[PDB]
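Structure first, then comments.
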Amino acid sequence: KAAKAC
Amino acid sequence: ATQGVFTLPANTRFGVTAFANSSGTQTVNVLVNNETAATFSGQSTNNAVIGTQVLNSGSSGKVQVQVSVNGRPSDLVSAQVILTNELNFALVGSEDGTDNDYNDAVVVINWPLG
Amino acid sequence: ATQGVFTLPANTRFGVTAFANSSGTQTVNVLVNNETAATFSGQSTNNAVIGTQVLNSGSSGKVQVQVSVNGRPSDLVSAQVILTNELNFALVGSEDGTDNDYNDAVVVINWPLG
Amino acid sequence: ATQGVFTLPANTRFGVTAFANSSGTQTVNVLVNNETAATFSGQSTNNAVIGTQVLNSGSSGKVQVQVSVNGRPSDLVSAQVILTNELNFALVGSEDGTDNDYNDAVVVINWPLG
Amino acid sequence: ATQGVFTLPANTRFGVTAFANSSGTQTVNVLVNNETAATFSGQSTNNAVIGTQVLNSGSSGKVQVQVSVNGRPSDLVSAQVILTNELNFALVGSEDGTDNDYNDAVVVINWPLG
Ligand SMILES: [Ca+2]
Ligand SMILES: [Ca+2]
Ligand SMILES: [Ca+2]
Ligand SMILES: [Ca+2]
Ligand SMILES: [Ca+2]
Ligand SMILES: [Ca+2]
Ligand SMILES: [Ca+2]
Ligand SMILES: [Ca+2]
């Protein structure tokens, strides 16, 4: 998943 | 070491098929003799076929698979396997994130055809 | 030796995809724990995908590929390959005739998915 | 399908190494260009190397591994695997009895050398 | 991706054999459960066996191959191949320089034994 956490 | 590069017999038709297992849209580029011959784009978390095509290895036989997501090349793993000295599989896995499942785009090249 | 039989981890989803390269119509049966879980029937001389499906390896993880043409079992070749200790391919080729190209039905199983 | 036959690039040095895992004495014959180029004989239940030799694939590149025990041909399984489009392994297992471990003589061919 | 790391079934006897093809002395370390279980060292440009040994995969089944040349870790390529759902090869190549033949140390792991 494209996300800051990832 | 370099991954995703295979030397096929010259002037040989081969199949190339890509599957997706990722939240990200996968872009798969297939180069023959250093020029793009096919490009697949798709998104699936369920191993959907995002592209399948028949290509010709040309005079050099050089085939390279590249995979990227949002401009970022994925980490590739690859190998070639030959069964009964005749049936060839060139196999690519790729990792676009952090979990190292290496399935985010999976590319299968097979020959001979027909 | 037995071919087309693979032990997968239990309760694991896997992709199974079949390609055809023959004048004969290929019937591909994918058995999980000795019972058919998918059946593909198609005909192509240019590597058409005649079936693709996500299955679950179930309680015991036993997966078997069978190929027949007009009721006659084809001769199978197979192997499993693991990349970076994680990405698995189970590979099947089959011959329905006498030319020994072993591509008449080509079956690729891949896991993990998702 | 035929097993134990591999097409190497012509005129290329390769290694051939045989291991034994059986009560039976393993006779391993290596043919190049359909002609006997090396013969190993040995017995071990602990993977002892029964022979290792450097050969040349010759003008045809055709390499064939035969395994027999007391004059009876063993059942063979084989495949070829290529890593980073350069490093080649041709692998042979064989079964001389009924337990189907296929390790009774194990033959590994590798190239390139040097 | 990580290379040279293989998960074997726990407490399994396996063979490990190393060949050298380089002007540099090859140092091959085999780790079981993150501890050194075998060390091979030798120099050859003719595929000499620099070591062969039978080890046990222990409670974790984790086996790792490391190759270094004059203190410098070599770049590794690896894969695992399974024949007839039974016969396992874990294969390693390594490159200590710039020619990218990936044979400078070649390591073959095989099981089951006996
Ligand atoms: Ca991933
Ligand atoms: Ca994924
Ligand atoms: Ca055929
Ligand atoms: Ca065919
Ligand atoms: Ca046996
Ligand atoms: Ca045995
Ligand atoms: Ca080198
Ligand atoms: Ca070398």
Side-chain angles (χ1 to χ4, degrees), chain A residues 2-3 6, chain B residues 1-2 19-26 43-45 47 67-70 72-77 93-106, chain C residues 1-2 83-84 86-87 110-114, chain D residues 19-26 43-45 47 67-69 74-77 83-84 86-87 92-106 111-114, chain E residues 1 19-26 43-45 47 67-70 72 74-77 83-84 86-87 93-106 111-114:
Chain A
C6 297
Chain B
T2 298
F19 309 84
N21 296 278
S22 172
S23 171
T25 296
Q26 308 291 311
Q43 188 277 318
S44 180
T45 48
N47 209 51
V67 182
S68 67
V69 173
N70 290 328
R72 174 211 333 121
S74 301
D75 192 35
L76 306 184
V77 289
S94 60
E95 179 50 53
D96 69 5
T98 68
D99 61 336
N100 292 352
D101 63 355
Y102 281 87
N103 69 1
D104 303 318
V106 174
Chain C
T2 300
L83 303 183
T84 193
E86 200 268 349
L87 178 74
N110 69 291
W111 78 93
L113 304 186
Chain D
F19 308 86
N21 296 274
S22 164
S23 287
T25 294
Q26 309 293 312
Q43 183 272 322
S44 174
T45 49
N47 209 50
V67 183
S68 62
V69 179
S74 298
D75 191 46
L76 306 182
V77 296
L83 309 184
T84 192
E86 172 66 8
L87 177 62
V92 179
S94 64
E95 177 55 47
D96 65 27
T98 53
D99 70 345
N100 298 333
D101 63 356
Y102 279 87
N103 72 356
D104 302 322
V106 176
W111 76 94
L113 306 185
Chain E
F19 310 84
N21 292 281
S22 173
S23 75
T25 299
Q26 304 294 308
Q43 187 277 319
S44 177
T45 52
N47 207 52
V67 180
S68 61
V69 174
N70 299 322
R72 306 183 299 266
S74 299
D75 188 47
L76 303 183
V77 295
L83 301 190
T84 191
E86 155 91 18
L87 183 68
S94 60
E95 179 52 53
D96 64 26
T98 56
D99 69 341
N100 294 336
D101 62 354
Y102 279 86
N103 70 354
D104 300 328
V106 173
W111 78 94
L113 305 187

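Order of the sequence lines sets the chain letters (A, B, ...), proteins ahead of strands, with each chain counted from 1. What's counted below: heavy atoms across the whole structure, side chains too, no hydrogens, waters or symmetry copies. In each ligand, atom 1 is the first atom listed, and ligand 1 is the first ligand listed.
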Indicate whether the side chain of B:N47 and that of C:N110 have a donor and an acceptor atom separated by less than 3.5 Å.
-> yes
Could you check if a side-chain atom of E:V106 sits within less than 4.5 angstrom of a side-chain atom of D:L87, using non-hydrogen atoms only?
-> yes
Heavy-atom side-chain contact between E:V67 and E:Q26 under 4.5 Å = yes
Applying the side-chain hydrogen bond (donor to acceptor under 3.5 Å, both in side chains) test to B:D96, which of B:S22, B:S23, B:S74, B:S68 qualifies?
-> B:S22
What is the distance from atom CG of D:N21 to atom CD of D:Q43, rounded to the nearest 0.5 Å?
-> 10.0 Å
Near the Ca ion (ligand 7), meaning under 3.0 Å, how many protein N/O/S atoms are there?
-> 6
Should B:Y102 and B:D104 count as side-chain neighbours, where that means a heavy-atom distance under 4.5 Å?
-> no
